[PDB]
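Just below is one structure, and these are the notes that go with it.
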Amino acid sequence: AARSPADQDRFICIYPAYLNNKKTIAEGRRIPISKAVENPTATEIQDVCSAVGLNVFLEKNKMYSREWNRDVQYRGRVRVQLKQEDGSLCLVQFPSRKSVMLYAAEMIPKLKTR
RNA sequence: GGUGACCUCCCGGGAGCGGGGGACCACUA
Ligand SMILES: [Mg+2]
Ligand SMILES: [Mg+2]
């Protein structure tokens, strides 16, 4: 099958819960509370990531397994390409999933819309 | 020493996740 890091099925995943400052680690938060943000949405994540030059796409209706509430506000997952077909980084600034999460968390509060 | 809450950091992974170091509290010979 098509399994290089440039194939969409191998893009990394970011769910809103990973950056939410009101969730515990058990609930899915992946970055420190100090750096996390309030109520991040998948759309805001897509926007800040796309703005910095990352190839990303939004799956608006995918839901996070640790979240029992299926309402639209809890939905959305962003897929991010980290590496090229040959395995090298798309952007030196983003060597990892963590690097992308911290970046989005940093930018989202700066959205004119917030 | 065990087990759990919660926090922090590291490694791995396309998800669900996997592997660890350290805090702090709880219950506990
Ligand atoms: Mg730990
Ligand atoms: Mg882990």
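Take the Cα coordinates of the range A:64-114, assign each an equal point scatterer, and use the Debye formula without solvent to give log10 I(q)/I(0) at q = 0.24 Å⁻¹. Calculated log10 I(q)/I(0) at the listed q: -0.99. A simple charge model with +1 on the Cβ of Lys and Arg, -1 on the Cβ of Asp and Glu and nothing else charged puts the dipole of the range A:13-114 at about 260 debye relative to its Cα centre.
Under 24 Å between C-alpha atoms is the cut-off here; go through the range A:54-114 and count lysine pairs that meet it, provided they're at least eight residues apart or on different chains.
Numbers: A:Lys60/A:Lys83; A:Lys60/A:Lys98; A:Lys60/A:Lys110; A:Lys60/A:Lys112; A:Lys62/A:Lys83; A:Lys62/A:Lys98; A:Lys83/A:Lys98; A:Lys98/A:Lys110.
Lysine pairs meeting the criterion: 8.
In plain terms, the residue of A:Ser88, A:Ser50 with the fewest other Cβ atoms within 10 Å comes first and the most crowded comes last, giving A:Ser88, A:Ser50. Going from the fewest other Cβ atoms within 10 Å to the most, the residues A:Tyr64, A:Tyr18 appear in the order A:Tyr64, A:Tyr18.
Å³ per residue of the Cα convex hull, for chain A?
Working: hull volume 12.1 nm³, N = 114.
For chain A, the hull spanned by Cα atoms encloses 106 Å³ per residue.
Listed by Cβ neighbour count within 10 Å, with the fewest neighbours leading, A:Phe57, A:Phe94, A:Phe11 appear as A:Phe57, A:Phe11, A:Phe94. Bridging of A:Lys22 to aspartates and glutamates at a Cα separation below 20 Å is possible for A:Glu38, A:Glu44, A:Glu67, A:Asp71, A:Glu106, once same-chain residues fewer than 8 apart are set aside.
Extending 7 Å from the Cα toward the beta-carbon at both A:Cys13 and A:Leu89 defines two label points whose distance is 2.5 nm.
For the range A:39-94, a Kirkwood radius taken over Cα pairs fed into Stokes-Einstein (20 °C, viscosity 1.002 mPa s) yields D = 172 µm²/s.
Virtual Cβ from ideal backbone geometry, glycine too; neighbours counted across all protein chains shown. Every number here is computed from the coordinates shown, using simple stated rules; none is lab data.
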